[PDB]
Amino acid sequence: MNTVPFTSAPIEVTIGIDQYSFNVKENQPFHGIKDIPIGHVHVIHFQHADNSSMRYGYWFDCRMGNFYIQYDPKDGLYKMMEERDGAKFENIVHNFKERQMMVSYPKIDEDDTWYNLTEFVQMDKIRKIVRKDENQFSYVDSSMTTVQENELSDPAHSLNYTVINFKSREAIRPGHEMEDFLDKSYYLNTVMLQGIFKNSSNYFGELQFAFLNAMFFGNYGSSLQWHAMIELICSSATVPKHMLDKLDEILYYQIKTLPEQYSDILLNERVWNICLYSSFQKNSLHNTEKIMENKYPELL
Amino acid sequence: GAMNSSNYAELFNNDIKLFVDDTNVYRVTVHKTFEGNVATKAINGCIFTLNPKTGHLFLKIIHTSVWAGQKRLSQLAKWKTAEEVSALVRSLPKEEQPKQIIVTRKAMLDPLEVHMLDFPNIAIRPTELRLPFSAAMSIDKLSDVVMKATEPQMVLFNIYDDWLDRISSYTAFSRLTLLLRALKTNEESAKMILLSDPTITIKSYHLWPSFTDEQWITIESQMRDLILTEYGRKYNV
Ligand SMILES: N[C@H](CC(=O)O)Cc1ccccc1F
């Protein structure tokens, strides 16, 4: 079990760790988060009490280094940094633990939620969507735009998700204009899966990462990307059976986890109604259709 | 974006544009079968592709063999239309290719956009005008060439005959739309108006009779009266 210590908490802030969150008061004796499960990516995120504008945060994997948070009063945010001196880090963490200045990652033993949300998410793929190669962790915030959003403005601060565009030459073959636009299987299976992602695991990883950035940061381009990757599958007549079953599980846990009060902004009515009720896969997402109908029947 | 009454003179500027109407592409007669079920029999159709500035009409005749063994023909018809318009554009020299293609029905937008991905500078647009181009098949010489076709075929017409020698393209388009609206509202009466006088003939190389300027004003008035008459008969006014 790993630890992300904090140097201090000089400004009042709501701190998120994966799907959990807690409040820290200005100059409260808080020195970080302990007992973080090894084996998964994690995200630690922030919303300042005095400016809820800009949620921001860091994706990281404790197996890749010793990370800590330190407030920067010049740039006005909590920054993640890596400590290269292992002995120094262990001694700092040990002292903060002995003084019980850390919150414990509050995982219920029965609870597979975070695994189920991050099953296919890898740090190495995160770092290719979020380009900042000098760091082993990746910063995301509410305002970052995607490469596709910029085509329709700072490239260094962009989310490089795979561009999906149903009315593009990439999606539509010479002589199969009607077939590829009404049945996206070519675009899903040959262009995206075989061509770009290489396998469905990488595709689901980007999908899951897009959802998490939408949920935790309100990142609008991430929400667009999540819906596009769902629609591309649902709008393909030919999808491997194992992918549809896995998609159903992925979406189920995403819908289960979504804050009820954010449904209005995180869920696209058109995409979901199309996917569940009109698409080729309208009968292939049993678990997801049942939770959507019981939890968000208004949207449908 | 969409084309409406605010930007109406744009039709007659010097940017090449085409209207595309697909309403006569897939045409059927519905009839009873021996067993008392209902079935359709397709008849020949046409794509109506018109340059409103010049009157040039590219009438692509859609022969009933194109739907043989094909399902969801109404959905297919918009794609067939898209495919033919795209083929027509590619067949034209670059300096004759349209800058804009205006579809009379919004369901043509995606099929044509998909067909025209190779032409990103050609704008595909809907219109809020209710244009009476479905009545094209009420023009006898156009109906005749469609029904006689035994194979796919493109036929070229100037739908304005020689009117542009005497009137502007705005006025010629207004005349055309009034004639077509009348033929759409009461074909029998409209044709009666157009031919009641045997001394005014249709030249072999024309579609409409050789009316003088004064006679066109009379005809145009009679067509308005017809449209108003039918509007009353319809609504009891
Ligand atoms: N050949 C076209 C192939 C395609 O774009 O999917 C499909 C098609 C369009 C229109 C009429 C017939 C027909 F088969």
Side-chain angles (χ1 to χ4, degrees), chain A residues 1-37 41-62 64-85 88-107 114 123 126 130 132 134-145 154 156-159 212-222 257 259 261-262 265-266:
Chain A
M1 308 299 271
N2 281 118
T3 303
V4 174
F6 279 49
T7 296
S8 61
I11 73 170
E12 197 153 301
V13 61
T14 301
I15 303 182
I17 176 72
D18 297 351
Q19 76 271 28
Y20 307 109
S21 73
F22 55 97
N23 297 323
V24 175
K25 298 293 181 294
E26 179 195 314
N27 289 317
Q28 174 188 324
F30 172 80
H31 291 287
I33 308 165
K34 63 180 189 162
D35 302 328
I36 301 168
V41 303
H42 298 284
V43 59
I44 184 169
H45 38 119
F46 301 91
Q47 195 159 31
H48 295 184
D50 78 338
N51 175 36
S52 61
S53 307
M54 186 190 47
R55 282 180 259 172
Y56 61 99
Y58 305 86
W59 292 90
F60 68 94
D61 178 329
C62 285
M64 295 170 66
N66 294 319
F67 308 110
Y68 64 102
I69 298 290
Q70 180 165 113
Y71 184 73
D72 174 10
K74 179 157 155 87
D75 292 341
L77 78 180
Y78 286 101
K79 289 194 182 163
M80 176 164 290
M81 304 192 280
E82 178 169 0
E83 178 58 64
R84 73 161 294 113
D85 184 354
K88 186 181 184 186
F89 187 85
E90 290 177 27
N91 166 246
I92 285 306
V93 171
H94 176 267
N95 175 88
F96 287 160
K97 279 196 194 170
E98 273 293 278
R99 300 227 290 155
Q100 293 191 45
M101 301 270 86
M102 306 192 162
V103 284
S104 177
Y105 188 93
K107 191 184 162 302
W114 187 245
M123 261 320 306
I126 288 181
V130 189
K132 190 168 213 280
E134 65 279 4
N135 297 327
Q136 298 280 289
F137 48 81
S138 299
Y139 167 97
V140 182
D141 65 32
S142 303
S143 67
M144 279 170 46
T145 55
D154 180 26
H157 208 57
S158 283
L159 293 161
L212 295 165
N213 288 327
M215 183 173 58
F216 289 132
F217 304 110
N219 184 272
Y220 178 81
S222 299
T257 300
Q261 303 294 342
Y262 291 12
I265 56 187
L266 289 169

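Throughout, a chain's letter reflects where its sequence line sits, starting with A, and its residues are numbered from 1.
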Do [X] and [Y] touch side chain to side chain, with heavy atoms closer than 4.5 Å?
| X | Y | value |
| --- | --- | --- |
| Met80(A) | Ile44(A) | yes |
| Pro259(A) | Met215(A) | yes |
| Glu90(A) | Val93(A) | no |

### Query
Does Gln261(A) have any side-chain hydrogen bond (donor to acceptor under 3.5 Å, both in side chains) partners at least two apart in sequence or in another chain, and if so, which?
none
### Task
Under the side-chain hydrogen bond (donor to acceptor under 3.5 Å, both in side chains) rule, collect the residues that match up with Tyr71(A), sequence neighbours excluded.
none
### Query
Pick one: which of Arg99(A), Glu98(A), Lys97(A) meets side chain to side chain contact (heavy atoms under 4.5 Å, CB included) with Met101(A)?
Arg99(A)
### Query
Between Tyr78(A) and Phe6(A), how do the two ring planes meet: parallel, tilted or perpendicular, split at 30° and 60°?
tilted
### Task
Give the ring-plane orientation class for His45(A) versus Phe216(A), where under 30° counts as parallel, over 60° as perpendicular and anything between as tilted.
tilted
### Message
With a 6.0 Å cut-off (strictly less than), is the heavy-atom count around CD of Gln28(A), excluding the residue itself, greater than 12?
### Response
yes
#### Entry: Within 6.0 Å of OH in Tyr262(A), more than 12 heavy atoms from elsewhere
no
### Query
With a 6.0 Å cut-off on ring centres, are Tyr20(A) and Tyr105(A) close enough?
yes
### Query
Are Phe46(A) and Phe217(A) near enough that their ring centres are under 6.0 Å apart?
no
### Query
Do NZ/NE/NH1/NH2 and the carboxylate oxygens of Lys132(A) and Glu134(A) come within less than 4.0 Å?
yes
### Test item: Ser52(A) side-chain N/O and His48(A) main-chain N/O as donor-acceptor pair under 3.5 Å
no
### Query
Taking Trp114(A) for the side chain and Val41(A) for the main chain, is one N or O donor matched with an acceptor at less than 3.5 Å?
yes
### Task
Could you go through the ring-ring contact (aromatic ring centres under 6.0 Å, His included) check for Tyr139(A) and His157(A) one step at a time?
CA-CA 9 Å; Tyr139(A) 167 97; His157(A) 208 57; 5.7 Å; yes
### Query
Can you find a side-chain donor-acceptor pair between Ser142(A) and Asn219(A) that sits under 3.5 Å?
no
### Task
Please lay out, stage by stage, how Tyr68(A) and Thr7(A) fare under the test side chain to side chain contact (heavy atoms under 4.5 Å, CB included).
CA-CA 8 Å; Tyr68(A) 64 102; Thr7(A) 296; 4.0 Å; yes
